[PDB]
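Participant: Have a peek at target.json (JSON, C-alpha atoms).
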[["chain", "number", "residue", "atom", "x", "y", "z"],
["F", 1, "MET", "CA", 9.17, -28.50, -11.16],
["F", 2, "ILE", "CA", 9.63, -25.32, -9.13],
["F", 3, "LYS", "CA", 6.07, -25.87, -7.77],
["F", 4, "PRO", "CA", 6.15, -25.30, -3.99],
["F", 5, "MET", "CA", 2.59, -24.97, -2.76],
["F", 6, "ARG", "CA", -0.72, -26.78, -3.12],
["F", 7, "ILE", "CA", -3.35, -25.40, -0.75],
["F", 8, "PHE", "CA", -6.42, -27.37, 0.36],
["F", 9, "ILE", "CA", -9.38, -25.58, 1.98],
["F", 10, "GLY", "CA", -10.78, -29.08, 2.37],
["F", 11, "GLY", "CA", -9.58, -30.80, -0.77],
["F", 12, "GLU", "CA", -9.92, -27.98, -3.26],
["F", 13, "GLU", "CA", -6.34, -27.67, -4.56],
["F", 14, "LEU", "CA", -6.05, -23.92, -5.04],
["F", 15, "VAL", "CA", -5.03, -23.21, -8.64],
["F", 16, "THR", "CA", -5.99, -19.53, -8.74],
["F", 17, "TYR", "CA", -3.96, -18.07, -5.87],
["F", 18, "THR", "CA", -2.40, -14.98, -7.41],
["F", 19, "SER", "CA", 0.01, -14.61, -4.46],
["F", 20, "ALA", "CA", 0.76, -16.00, -1.02],
["F", 21, "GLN", "CA", 2.71, -15.31, 2.17],
["F", 22, "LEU", "CA", 3.26, -17.96, 4.84],
["F", 23, "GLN", "CA", 4.90, -16.94, 8.13],
["F", 24, "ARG", "CA", 6.05, -19.21, 10.98],
["F", 25, "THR", "CA", 7.69, -17.95, 14.16],
["F", 26, "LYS", "CA", 8.85, -18.97, 17.64],
["F", 27, "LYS", "CA", 8.17, -15.58, 19.22],
["F", 28, "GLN", "CA", 4.43, -16.33, 19.10],
["F", 29, "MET", "CA", 1.88, -19.13, 19.28],
["F", 30, "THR", "CA", 0.60, -19.16, 15.68],
["F", 31, "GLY", "CA", 1.33, -18.45, 12.01],
["F", 32, "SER", "CA", -0.34, -16.41, 9.26],
["F", 33, "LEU", "CA", -1.37, -17.66, 5.83],
["F", 34, "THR", "CA", -2.55, -15.05, 3.32],
["F", 35, "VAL", "CA", -3.90, -16.23, -0.05],
["F", 36, "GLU", "CA", -5.17, -14.03, -2.92],
["F", 37, "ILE", "CA", -7.96, -15.45, -5.09],
["F", 38, "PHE", "CA", -9.43, -14.01, -8.30],
["F", 39, "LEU", "CA", -13.22, -14.53, -7.98],
["F", 40, "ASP", "CA", -14.73, -13.18, -11.21],
["F", 41, "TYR", "CA", -18.29, -11.84, -11.43],
["F", 42, "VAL", "CA", -20.44, -11.92, -14.59],
["F", 43, "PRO", "CA", -23.47, -9.72, -13.77],
["F", 44, "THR", "CA", -25.97, -11.80, -15.72],
["F", 45, "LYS", "CA", -25.03, -15.42, -15.03],
["F", 46, "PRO", "CA", -25.42, -17.06, -11.61],
["F", 47, "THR", "CA", -22.55, -16.63, -9.17],
["F", 48, "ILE", "CA", -21.54, -18.71, -6.15],
["F", 49, "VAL", "CA", -19.83, -17.63, -2.94],
["F", 50, "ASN", "CA", -17.92, -19.31, -0.11],
["F", 51, "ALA", "CA", -18.67, -17.87, 3.33],
["F", 52, "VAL", "CA", -16.04, -20.01, 5.03],
["F", 53, "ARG", "CA", -15.16, -17.82, 8.04],
["F", 54, "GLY", "CA", -13.85, -21.14, 9.27],
["F", 55, "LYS", "CA", -13.35, -24.08, 6.89],
["F", 56, "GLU", "CA", -9.70, -25.23, 7.60],
["F", 57, "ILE", "CA", -6.55, -25.16, 5.44],
["F", 58, "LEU", "CA", -3.01, -26.36, 4.92],
["F", 59, "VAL", "CA", -0.08, -25.37, 2.71],
["F", 60, "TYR", "CA", 1.99, -28.15, 1.48],
["F", 61, "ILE", "CA", 5.24, -26.34, 0.63],
["F", 62, "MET", "CA", 7.53, -27.92, -2.02],
["F", 63, "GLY", "CA", 5.92, -31.31, -1.53],
["F", 64, "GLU", "CA", 5.93, -31.12, 2.28],
["F", 65, "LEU", "CA", 3.69, -29.67, 4.99],
["F", 66, "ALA", "CA", 4.42, -26.08, 5.96],
["F", 67, "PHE", "CA", 1.31, -24.87, 7.67],
["F", 68, "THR", "CA", -1.87, -26.38, 9.20],
["F", 69, "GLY", "CA", -4.70, -24.26, 10.62],
["F", 103, "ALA", "CA", -9.67, -19.64, 5.76],
["F", 104, "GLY", "CA", -10.36, -19.41, 9.46],
["F", 105, "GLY", "CA", -8.96, -15.90, 9.77],
["F", 106, "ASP", "CA", -11.27, -13.86, 7.55],
["F", 107, "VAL", "CA", -12.57, -13.15, 4.07],
["F", 108, "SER", "CA", -11.83, -9.74, 2.61],
["F", 109, "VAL", "CA", -13.58, -9.45, -0.76],
["F", 110, "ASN", "CA", -12.37, -6.18, -2.33],
["F", 111, "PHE", "CA", -13.62, -4.19, -5.33],
["F", 112, "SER", "CA", -12.39, -1.53, -7.73],
["F", 113, "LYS", "CA", -12.96, -0.39, -11.30],
["F", 114, "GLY", "CA", -9.91, -1.53, -13.22],
["F", 115, "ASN", "CA", -8.18, -4.17, -11.12],
["F", 116, "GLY", "CA", -10.92, -5.15, -8.68],
["F", 117, "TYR", "CA", -12.52, -8.46, -7.75],
["F", 118, "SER", "CA", -9.85, -9.92, -5.49],
["F", 119, "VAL", "CA", -10.36, -12.03, -2.36],
["F", 120, "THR", "CA", -7.72, -12.00, 0.36],
["F", 121, "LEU", "CA", -8.11, -15.04, 2.61],
["F", 122, "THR", "CA", -6.29, -15.19, 5.92],
["F", 123, "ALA", "CA", -5.69, -18.29, 8.01],
["F", 124, "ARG", "CA", -4.04, -18.37, 11.43],
["F", 125, "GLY", "CA", -2.76, -21.55, 13.05],
["F", 126, "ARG", "CA", -5.01, -24.20, 14.60],
["F", 127, "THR", "CA", -3.62, -23.06, 17.97],
["F", 128, "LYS", "CA", -5.72, -19.95, 17.74],
["F", 129, "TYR", "CA", -8.71, -20.25, 19.90],
["F", 130, "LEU", "CA", -6.20, -20.59, 22.68],
["F", 131, "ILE", "CA", -5.38, -17.04, 21.57],
["F", 132, "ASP", "CA", -8.85, -15.56, 21.18],
["F", 133, "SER", "CA", -10.90, -17.42, 23.75],
["F", 134, "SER", "CA", -11.48, -17.08, 27.45],
["F", 135, "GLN", "CA", -10.79, -19.74, 29.98],
["F", 136, "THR", "CA", -13.89, -21.65, 31.07],
["F", 137, "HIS", "CA", -12.49, -24.16, 33.50],
["F", 138, "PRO", "CA", -14.94, -24.70, 36.40],
["F", 139, "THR", "CA", -12.68, -24.69, 39.44],
["F", 140, "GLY", "CA", -10.04, -22.03, 38.86],
["F", 141, "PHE", "CA", -7.73, -23.36, 41.61],
["F", 142, "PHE", "CA", -5.33, -26.12, 40.62],
["F", 143, "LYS", "CA", -3.80, -27.61, 43.77],
["F", 144, "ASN", "CA", -0.67, -29.79, 43.89],
["F", 145, "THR", "CA", -0.38, -29.79, 40.10],
["F", 146, "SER", "CA", 2.37, -29.42, 37.53],
["F", 147, "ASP", "CA", 2.67, -26.84, 34.76],
["F", 148, "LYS", "CA", 2.20, -29.61, 32.20],
["F", 149, "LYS", "CA", -1.15, -30.56, 33.73],
["F", 150, "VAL", "CA", -2.43, -27.00, 34.04],
["F", 151, "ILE", "CA", -1.50, -26.65, 30.37],
["F", 152, "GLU", "CA", -3.21, -29.90, 29.35],
["F", 153, "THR", "CA", -6.51, -28.79, 30.88],
["F", 154, "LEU", "CA", -6.18, -25.25, 29.48],
["F", 155, "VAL", "CA", -5.96, -26.70, 25.95],
["F", 156, "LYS", "CA", -8.13, -29.85, 25.84],
["F", 157, "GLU", "CA", -11.16, -27.57, 25.93],
["F", 158, "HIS", "CA", -10.72, -26.94, 22.20],
["F", 159, "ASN", "CA", -9.02, -30.18, 21.02],
["F", 160, "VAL", "CA", -5.42, -29.05, 20.46],
["F", 161, "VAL", "CA", -3.14, -32.02, 21.20],
["F", 162, "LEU", "CA", -0.09, -30.89, 23.17],
["F", 163, "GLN", "CA", 3.44, -31.84, 22.12],
["F", 164, "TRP", "CA", 5.04, -31.67, 25.57],
["F", 165, "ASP", "CA", 8.78, -32.20, 25.10],
["F", 166, "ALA", "CA", 10.47, -30.25, 27.91],
["F", 167, "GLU", "CA", 9.99, -31.53, 31.50],
["F", 168, "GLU", "CA", 7.60, -31.76, 34.50],
["F", 169, "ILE", "CA", 7.78, -28.89, 37.02],
["F", 170, "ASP", "CA", 5.65, -29.10, 40.17],
["F", 171, "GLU", "CA", 3.81, -26.15, 41.70],
["F", 172, "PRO", "CA", 1.39, -25.96, 44.66],
["F", 173, "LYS", "CA", -0.95, -23.05, 43.85],
["F", 174, "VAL", "CA", -2.25, -22.37, 40.32],
["F", 175, "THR", "CA", -5.13, -19.89, 40.29],
["F", 176, "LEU", "CA", -6.16, -18.66, 36.86],
["F", 177, "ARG", "CA", -7.32, -15.06, 36.68],
["F", 178, "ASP", "CA", -11.04, -15.20, 36.00],
["F", 179, "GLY", "CA", -11.43, -15.60, 32.25],
["F", 180, "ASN", "CA", -8.00, -14.18, 31.45],
["F", 181, "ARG", "CA", -7.14, -15.80, 28.10],
["F", 182, "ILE", "CA", -6.16, -19.34, 27.13],
["F", 183, "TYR", "CA", -2.89, -17.98, 25.72],
["F", 184, "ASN", "CA", -1.84, -15.40, 28.33],
["F", 185, "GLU", "CA", -2.03, -18.02, 31.07],
["F", 186, "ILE", "CA", 0.07, -20.55, 29.15],
["F", 187, "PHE", "CA", 2.64, -17.89, 28.23],
["F", 188, "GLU", "CA", 2.80, -16.96, 31.92],
["F", 189, "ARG", "CA", 3.19, -20.59, 32.99],
["F", 190, "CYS", "CA", 5.96, -21.32, 30.46],
["F", 191, "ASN", "CA", 7.96, -18.12, 30.98],
["F", 192, "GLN", "CA", 8.67, -18.56, 34.69],
["F", 193, "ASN", "CA", 10.09, -21.98, 33.75],
["F", 194, "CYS", "CA", 11.90, -21.59, 30.42],
["F", 195, "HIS", "CA", 9.75, -23.26, 27.76],
["F", 196, "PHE", "CA", 9.28, -21.99, 24.22],
["F", 197, "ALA", "CA", 5.59, -22.25, 23.25],
["F", 198, "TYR", "CA", 4.80, -22.32, 19.53],
["F", 199, "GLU", "CA", 3.18, -24.44, 16.83],
["F", 200, "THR", "CA", 4.49, -27.17, 14.53],
["F", 201, "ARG", "CA", 3.59, -27.98, 10.91],
["F", 202, "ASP", "CA", 1.10, -30.76, 11.75],
["F", 203, "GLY", "CA", -1.21, -28.55, 13.79],
["F", 204, "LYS", "CA", -0.07, -29.18, 17.37],
["F", 205, "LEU", "CA", 1.18, -27.04, 20.25],
["F", 206, "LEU", "CA", 4.90, -27.58, 20.89],
["F", 207, "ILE", "CA", 6.12, -26.69, 24.39],
["F", 208, "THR", "CA", 9.87, -27.20, 24.09],
["F", 209, "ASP", "CA", 12.94, -26.22, 26.08],
["F", 210, "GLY", "CA", 15.69, -26.60, 23.46],
["F", 211, "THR", "CA", 15.97, -26.86, 19.69],
["F", 212, "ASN", "CA", 14.30, -29.02, 17.06],
["F", 213, "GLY", "CA", 17.66, -30.46, 15.99],
["F", 214, "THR", "CA", 17.54, -31.07, 12.24],
["F", 215, "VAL", "CA", 20.55, -29.09, 10.97],
["F", 216, "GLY", "CA", 20.82, -27.89, 7.38],
["F", 217, "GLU", "CA", 22.16, -25.59, 4.66],
["F", 218, "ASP", "CA", 25.30, -23.56, 5.33],
["F", 219, "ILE", "CA", 24.24, -20.20, 3.91],
["F", 220, "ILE", "CA", 27.47, -18.50, 2.76],
["F", 221, "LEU", "CA", 27.78, -14.89, 1.61],
["F", 222, "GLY", "CA", 28.26, -15.20, -2.13],
["F", 223, "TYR", "CA", 26.41, -18.51, -2.42],
["F", 224, "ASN", "CA", 22.69, -17.99, -1.84],
["F", 225, "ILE", "CA", 22.00, -14.86, 0.26],
["F", 226, "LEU", "CA", 19.94, -12.54, -1.92],
["F", 227, "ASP", "CA", 20.05, -10.03, 0.91],
["F", 228, "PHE", "CA", 21.21, -9.80, 4.52],
["F", 229, "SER", "CA", 20.88, -7.50, 7.51],
["B", 3, "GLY", "CA", -8.10, 37.00, -45.61],
["B", 4, "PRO", "CA", -6.32, 38.82, -48.44],
["B", 5, "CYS", "CA", -6.04, 42.25, -46.78],
["B", 6, "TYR", "CA", -5.48, 41.11, -43.20],
["B", 7, "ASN", "CA", -3.15, 43.56, -41.50],
["B", 8, "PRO", "CA", -1.59, 41.52, -38.66],
["B", 9, "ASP", "CA", 0.00, 44.26, -36.57],
["B", 10, "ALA", "CA", -3.29, 46.17, -36.81],
["B", 11, "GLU", "CA", -5.09, 43.13, -35.37],
["B", 12, "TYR", "CA", -2.70, 41.66, -32.78],
["B", 13, "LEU", "CA", -2.06, 43.62, -29.62],
["B", 14, "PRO", "CA", 1.55, 44.56, -28.85],
["B", 15, "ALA", "CA", 2.57, 42.38, -25.94],
["B", 16, "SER", "CA", 3.91, 43.77, -22.68],
["B", 17, "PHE", "CA", 4.28, 42.55, -19.11],
["B", 18, "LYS", "CA", 4.19, 44.72, -16.00],
["B", 19, "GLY", "CA", 4.76, 47.86, -18.07],
["B", 20, "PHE", "CA", 7.76, 46.69, -20.08],
["B", 21, "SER", "CA", 6.83, 46.25, -23.74],
["B", 22, "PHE", "CA", 8.28, 43.65, -26.09],
["B", 23, "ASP", "CA", 7.51, 41.85, -29.34],
["B", 24, "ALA", "CA", 6.01, 38.38, -29.08],
["B", 25, "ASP", "CA", 6.35, 35.48, -31.48],
["B", 26, "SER", "CA", 3.66, 33.10, -30.20],
["B", 27, "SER", "CA", 0.57, 33.15, -28.00],
["B", 28, "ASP", "CA", -1.09, 30.18, -26.32],
["B", 29, "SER", "CA", -3.70, 29.44, -23.66],
["B", 30, "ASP", "CA", -4.73, 26.49, -21.51],
["B", 31, "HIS", "CA", -8.42, 26.93, -20.72],
["B", 32, "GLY", "CA", -10.53, 24.10, -19.36],
["B", 33, "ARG", "CA", -13.19, 22.82, -17.01],
["B", 34, "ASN", "CA", -12.26, 20.23, -14.38],
["B", 35, "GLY", "CA", -14.55, 17.56, -12.95],
["B", 36, "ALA", "CA", -14.74, 13.99, -11.71],
["B", 37, "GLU", "CA", -15.52, 10.86, -13.74],
["B", 38, "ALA", "CA", -17.64, 8.06, -12.28],
["B", 39, "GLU", "CA", -17.23, 4.48, -13.50],
["B", 40, "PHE", "CA", -19.52, 2.36, -11.29],
["B", 41, "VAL", "CA", -18.43, -1.28, -11.28],
["B", 42, "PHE", "CA", -20.24, -3.88, -13.40],
["B", 43, "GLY", "CA", -22.29, -1.06, -14.91],
["B", 44, "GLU", "CA", -23.14, 0.25, -18.35],
["B", 45, "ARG", "CA", -23.39, 3.83, -17.15],
["B", 46, "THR", "CA", -21.04, 6.66, -16.31],
["B", 47, "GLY", "CA", -21.21, 9.82, -14.22],
["B", 48, "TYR", "CA", -19.63, 13.25, -14.27],
["B", 49, "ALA", "CA", -19.48, 16.07, -11.73],
["B", 50, "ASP", "CA", -18.33, 19.60, -12.58],
["B", 51, "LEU", "CA", -15.94, 20.77, -9.87],
["B", 52, "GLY", "CA", -14.90, 24.23, -11.02],
["B", 53, "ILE", "CA", -12.60, 26.24, -13.28],
["B", 54, "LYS", "CA", -9.21, 25.10, -14.50],
["B", 55, "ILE", "CA", -6.60, 27.78, -13.86],
["B", 56, "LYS", "CA", -5.56, 29.58, -17.04],
["B", 57, "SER", "CA", -1.97, 29.70, -18.23],
["B", 58, "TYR", "CA", -0.33, 31.57, -21.10],
["B", 59, "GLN", "CA", 2.87, 30.76, -22.99],
["B", 60, "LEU", "CA", 4.76, 33.21, -25.18],
["B", 61, "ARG", "CA", 8.00, 33.50, -27.13],
["B", 62, "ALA", "CA", 9.69, 36.89, -27.24],
["B", 63, "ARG", "CA", 12.39, 37.83, -29.73],
["B", 64, "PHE", "CA", 15.15, 40.42, -29.57],
["B", 65, "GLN", "CA", 16.86, 41.26, -32.88],
["B", 66, "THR", "CA", 18.60, 44.59, -32.40],
["B", 67, "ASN", "CA", 22.12, 45.93, -32.04],
["B", 68, "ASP", "CA", 21.42, 46.21, -28.30],
["B", 69, "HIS", "CA", 19.49, 43.01, -27.73],
["B", 70, "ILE", "CA", 21.73, 42.11, -24.79],
["B", 71, "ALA", "CA", 20.72, 45.19, -22.81],
["B", 72, "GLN", "CA", 17.07, 44.66, -23.70],
["B", 73, "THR", "CA", 17.19, 41.04, -22.56],
["B", 74, "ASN", "CA", 18.91, 42.04, -19.32],
["B", 75, "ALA", "CA", 16.25, 44.68, -18.65],
["B", 76, "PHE", "CA", 13.50, 42.19, -19.42],
["B", 77, "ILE", "CA", 15.05, 39.65, -17.05],
["B", 78, "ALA", "CA", 15.23, 42.29, -14.33],
["B", 79, "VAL", "CA", 11.55, 43.07, -14.87],
["B", 80, "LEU", "CA", 10.35, 39.45, -14.97],
["B", 81, "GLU", "CA", 12.00, 38.75, -11.60],
["B", 82, "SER", "CA", 10.07, 41.52, -9.89],
["B", 83, "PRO", "CA", 8.17, 40.40, -6.77],
["B", 84, "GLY", "CA", 4.45, 39.81, -7.17],
["B", 85, "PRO", "CA", 2.09, 39.30, -10.10],
["B", 86, "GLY", "CA", 1.53, 42.07, -12.59],
["B", 87, "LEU", "CA", -0.46, 43.10, -15.62],
["B", 88, "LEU", "CA", 0.08, 41.27, -18.93],
["B", 89, "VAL", "CA", -1.11, 42.19, -22.41],
["B", 90, "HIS", "CA", -1.61, 38.92, -24.23],
["B", 91, "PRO", "CA", -1.49, 39.65, -27.98],
["B", 92, "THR", "CA", -4.78, 37.83, -28.59],
["B", 93, "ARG", "CA", -6.51, 37.98, -25.18],
["B", 94, "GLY", "CA", -5.92, 41.56, -24.11],
["B", 95, "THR", "CA", -5.23, 42.59, -20.54],
["B", 96, "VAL", "CA", -4.93, 40.01, -17.74],
["B", 97, "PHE", "CA", -3.13, 39.73, -14.44],
["B", 98, "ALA", "CA", -0.44, 37.08, -14.61],
["B", 99, "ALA", "CA", 2.74, 36.08, -12.80],
["B", 100, "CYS", "CA", 5.85, 34.85, -14.56],
["B", 101, "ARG", "CA", 6.70, 31.24, -13.83],
["B", 102, "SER", "CA", 9.65, 30.47, -16.13],
["B", 103, "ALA", "CA", 11.64, 32.37, -18.72],
["B", 104, "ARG", "CA", 14.26, 30.46, -20.67],
["B", 105, "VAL", "CA", 16.76, 32.72, -22.44],
["B", 106, "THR", "CA", 18.31, 31.10, -25.51],
["B", 107, "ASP", "CA", 21.33, 33.04, -26.76],
["B", 108, "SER", "CA", 23.98, 31.43, -28.99],
["B", 109, "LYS", "CA", 27.07, 33.00, -30.54],
["B", 110, "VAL", "CA", 28.90, 30.82, -33.08],
["B", 111, "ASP", "CA", 25.58, 29.64, -34.48],
["B", 112, "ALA", "CA", 23.28, 32.67, -34.48],
["B", 113, "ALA", "CA", 24.68, 35.93, -33.12],
["B", 114, "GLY", "CA", 22.43, 38.95, -33.04],
["B", 115, "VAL", "CA", 19.16, 37.33, -31.96],
["B", 116, "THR", "CA", 18.05, 36.38, -28.45],
["B", 117, "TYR", "CA", 14.93, 34.31, -27.74],
["B", 118, "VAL", "CA", 12.95, 34.09, -24.50],
["B", 119, "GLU", "CA", 10.37, 31.39, -23.81],
["B", 120, "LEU", "CA", 7.93, 32.78, -21.22],
["B", 121, "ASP", "CA", 5.37, 30.96, -19.06],
["B", 122, "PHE", "CA", 2.70, 32.97, -17.22],
["B", 123, "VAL", "CA", -0.22, 31.94, -15.01],
["B", 124, "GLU", "CA", -3.48, 33.74, -14.30],
["B", 125, "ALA", "CA", -2.78, 35.18, -10.85],
["B", 126, "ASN", "CA", -5.92, 36.66, -9.34],
["B", 127, "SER", "CA", -5.71, 38.76, -6.20],
["B", 128, "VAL", "CA", -6.93, 37.43, -2.87],
["B", 129, "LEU", "CA", -8.07, 38.97, 0.37],
["B", 130, "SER", "CA", -5.72, 38.04, 3.18],
["B", 131, "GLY", "CA", -7.40, 36.24, 6.02],
["B", 132, "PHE", "CA", -9.82, 33.45, 5.29],
["B", 133, "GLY", "CA", -11.43, 35.46, 2.52]]
Could you write out this structure as structure tokens?
Facilitator:
Amino acid sequence: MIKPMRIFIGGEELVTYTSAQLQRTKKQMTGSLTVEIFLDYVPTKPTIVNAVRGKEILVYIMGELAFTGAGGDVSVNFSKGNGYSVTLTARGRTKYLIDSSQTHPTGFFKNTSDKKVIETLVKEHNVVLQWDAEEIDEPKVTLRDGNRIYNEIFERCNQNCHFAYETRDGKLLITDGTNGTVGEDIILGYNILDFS
Amino acid sequence: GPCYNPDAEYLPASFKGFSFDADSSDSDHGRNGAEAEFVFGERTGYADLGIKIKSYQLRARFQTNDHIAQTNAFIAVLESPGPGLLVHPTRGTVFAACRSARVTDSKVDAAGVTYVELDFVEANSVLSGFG
């Protein structure tokens, strides 16, 4: 079977998704799922809706996890001729770190390490941290008042080289090197549909 | 009818002063509007938006020992700058502007005749400025 995906908003194995795009990246903290559902409407019978705006999903790609984190939005469209589509979007579980606002009481970490300041800037929204780089010590860590849970981390992992992104399980990976795991030797003339 | 005199009922065609003999006469009248198709609805709307611009199409023939000179003169007239007065054989006098004029002229297949397919558009004057 060519079958790659099987999405679960909670257990409901999507069988109507008319299209899909799943993006993962190291340049950022999250990903971006984008499903397209049909959602018919018969204007006499009863109809049911799903107002998820937050109901959690995953995308098992080719019998293996690819994403983990319809939180993004619901975008029910309309038209006369090809209408009644529903674009669902779903960022990564490491999102509230992106759209929140730090609410730690003190604001002044003293004699701490970047790992610790990152553990307390995350465990306010239950995002287990996959620390796999090192422990750097720093005397003064004052967080700008309510800056953003993601700006502060990015600042604290850029002045000591540490890539900050998200894995397939739903965790925050703060690494310093690679994920190992070598693979296919793409050769020109063998599988590249296109290159640039 | 049985005693229908054609050339006493069709007007001799001419554009911008130059007269010629026409072989066909068409028009493209109309009335343009929108079309509403509300979703999930057994009802439809329509909104009249104006007048569709008129266009005329003719076919002129030249079958004379000097058809080449006549066709050259007619080409020189049709390429004159600005719209001019047209006598449509079945619509009378209008103000049109030539938009295309194909000149078919073969030799080893039909020598002697030259055909011109003409395409005019109702060109009404304006008043420079913002009218």
Participant: Which residues of chain F come within 12 Å of chain B, and for each one, what is the closest pair of atoms and their distance in Å to one decimal, counting all atoms listed in the file, sorted by chain and residue number, as CSV?
Facilitator:
residue,atom,partner,partner_atom,distance
F:40,CA,B:42,CA,11.0
F:41,CA,B:42,CA,8.4
F:42,CA,B:42,CA,8.1
F:43,CA,B:42,CA,6.7
F:44,CA,B:42,CA,10.0
F:110,CA,B:41,CA,11.9
F:111,CA,B:41,CA,8.2
F:112,CA,B:41,CA,7.0
F:113,CA,B:41,CA,5.5
F:114,CA,B:41,CA,8.7
F:115,CA,B:41,CA,10.7
F:116,CA,B:41,CA,8.8
F:117,CA,B:41,CA,9.9
Participant: Using all atoms listed in the file, which of B:54, B:90, B:63, B:101 sits nearest residue 28 of chain B?
Facilitator: B:90
Participant: Could you give me, as an MDAnalysis selection string, the residues within 9 Å of residue 96 of chain B, counting all atoms listed in the file and dropping anything in the same chain fewer than 2 positions from it?
Facilitator: chainID B and resid 86:90 93:94 98 124:125
Participant: Could you please take those selected residues and save C-alpha atoms as a PDB file, keeping the file's coordinate frame?
Facilitator:
ATOM      1  CA  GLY B  86       1.530  42.070 -12.590  1.00  0.00           C
ATOM      2  CA  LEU B  87      -0.460  43.100 -15.620  1.00  0.00           C
ATOM      3  CA  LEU B  88       0.080  41.270 -18.930  1.00  0.00           C
ATOM      4  CA  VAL B  89      -1.110  42.190 -22.410  1.00  0.00           C
ATOM      5  CA  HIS B  90      -1.610  38.920 -24.230  1.00  0.00           C
ATOM      6  CA  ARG B  93      -6.510  37.980 -25.180  1.00  0.00           C
ATOM      7  CA  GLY B  94      -5.920  41.560 -24.110  1.00  0.00           C
ATOM      8  CA  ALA B  98      -0.440  37.080 -14.610  1.00  0.00           C
ATOM      9  CA  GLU B 124      -3.480  33.740 -14.300  1.00  0.00           C
ATOM     10  CA  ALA B 125      -2.780  35.180 -10.850  1.00  0.00           C
TER      11      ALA B 125
END
Participant: Can you pull out every residue within 12 Å of residue 114 of chain B, counting only C-alpha atoms, but drop anything in the same chain fewer than 2 positions away, and send it as a ChimeraX atom specification?
Facilitator: /B:63-70,73,106-112,116-117
Participant: From the options F:122, F:200, F:175, F:108, which residue's atoms come nearest to residue 138 of chain F, counting only C-alpha atoms?
Facilitator: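 Of all the options, F:175 lies closest to residue 138 of chain F.
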Participant: I'd like the contact shell of residue 37 of chain B - 8 Å cut-off, all atoms listed in the file, skipping same-chain residues fewer than 5 positions apart - returned as a short mmCIF file (atom, residue, chain, number, x, y, z; two decimals) with C-alpha atoms, keeping the file's coordinate frame.
Facilitator:
data_model
loop_
_atom_site.label_atom_id
_atom_site.label_comp_id
_atom_site.auth_asym_id
_atom_site.auth_seq_id
_atom_site.Cartn_x
_atom_site.Cartn_y
_atom_site.Cartn_z
CA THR B 46 -21.04 6.66 -16.31
CA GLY B 47 -21.21 9.82 -14.22
CA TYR B 48 -19.63 13.25 -14.27
CA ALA B 49 -19.48 16.07 -11.73
#
Participant: Could you tell me how far atom CA of residue 20 of chain F lies from atom CA of residue 37 of chain F, in Å and to one decimal?
Facilitator: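 That distance, rounded to one decimal, is 9.6 Å.
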Participant: What does the distance between atom CA of residue 52 of chain B and atom CA of residue 33 of chain B come to in Å, to one decimal place?
Facilitator: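 Atom-to-atom, atom CA of residue 52 of chain B to atom CA of residue 33 of chain B, that is 6.4 Å.
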Participant: If we count only C-alpha atoms and set the cut-off at 12 Å, which residues sit around residue 177 of chain F, ignoring sequence neighbours fewer than 5 positions away in its own chain? Please answer as a ChimeraX atom specification.
Facilitator: /F:134-137,139-142,182,184-186,188
Participant: What's around segment 148-159 of chain F at 12 Å? Count all atoms listed in the file, leave out sequence neighbours fewer than 6 positions away in its own chain, and write the answer as a ChimeraX atom specification.
Facilitator: /F:126-142,165-176,179-190,193,195,197,203-208
Participant: Quick one: distance from atom CA of residue 95 of chain B to atom CA of residue 5 of chain B in Å, one decimal?
Facilitator: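 According to the coordinates, atom CA of residue 95 of chain B and atom CA of residue 5 of chain B are separated by 26.3 Å.
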Participant: In file coordinates, which residues lie within 8 Å of (-6.3, -12.7, -5.5) using all atoms listed in the file, given as an NGL selection string?
Facilitator: :F and (16-19 or 35-39 or 117-120)
Participant: Around (-16.3, -19.0, 9.0), as given in the file, which residues come within 10 Å? Count only C-alpha atoms and list them as a list in words.
Facilitator: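 Final list of nearby residues, as requested, is residues 50, 51, 52, 53, 54, 55, 56, 103, 104, 105, 106 and 107 of chain F.
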Participant: Tell me which of F:11, F:69, F:216, F:210 sits closest to residue 160 of chain F, counting only C-alpha atoms.
Facilitator: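 That would be F:69, the residue with the smallest distance to residue 160 of chain F.
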Participant: Pick the closest to residue 19 of chain B from B:132, B:97, B:6, B:118: which is it, counting all atoms listed in the file?
Facilitator: B:97
Participant: Rebuild N, CA and C atoms on segment 147-153 of chain F, as an mmCIF file, in the coordinates of the input?
Facilitator:
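In the end it all went to out-v4.cif:
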data_model
loop_
_atom_site.group_PDB
_atom_site.id
_atom_site.type_symbol
_atom_site.label_atom_id
_atom_site.label_comp_id
_atom_site.auth_asym_id
_atom_site.auth_seq_id
_atom_site.Cartn_x
_atom_site.Cartn_y
_atom_site.Cartn_z
ATOM 1 N N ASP F 147 2.957 -27.760 35.863
ATOM 2 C CA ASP F 147 2.670 -26.840 34.760
ATOM 3 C C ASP F 147 2.166 -27.597 33.540
ATOM 4 N N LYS F 148 2.693 -28.798 33.308
ATOM 5 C CA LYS F 148 2.200 -29.610 32.200
ATOM 6 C C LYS F 148 0.712 -29.871 32.341
ATOM 7 N N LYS F 149 0.255 -30.206 33.546
ATOM 8 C CA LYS F 149 -1.150 -30.560 33.730
ATOM 9 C C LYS F 149 -2.050 -29.349 33.564
ATOM 10 N N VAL F 150 -1.693 -28.239 34.212
ATOM 11 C CA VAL F 150 -2.430 -27.000 34.040
ATOM 12 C C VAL F 150 -2.464 -26.589 32.575
ATOM 13 N N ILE F 151 -1.452 -26.965 31.793
ATOM 14 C CA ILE F 151 -1.500 -26.650 30.370
ATOM 15 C C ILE F 151 -2.353 -27.649 29.604
ATOM 16 N N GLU F 152 -2.370 -28.912 30.023
ATOM 17 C CA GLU F 152 -3.210 -29.900 29.350
ATOM 18 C C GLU F 152 -4.690 -29.609 29.527
ATOM 19 N N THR F 153 -5.097 -29.083 30.680
ATOM 20 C CA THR F 153 -6.510 -28.790 30.880
ATOM 21 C C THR F 153 -6.904 -27.407 30.372
#
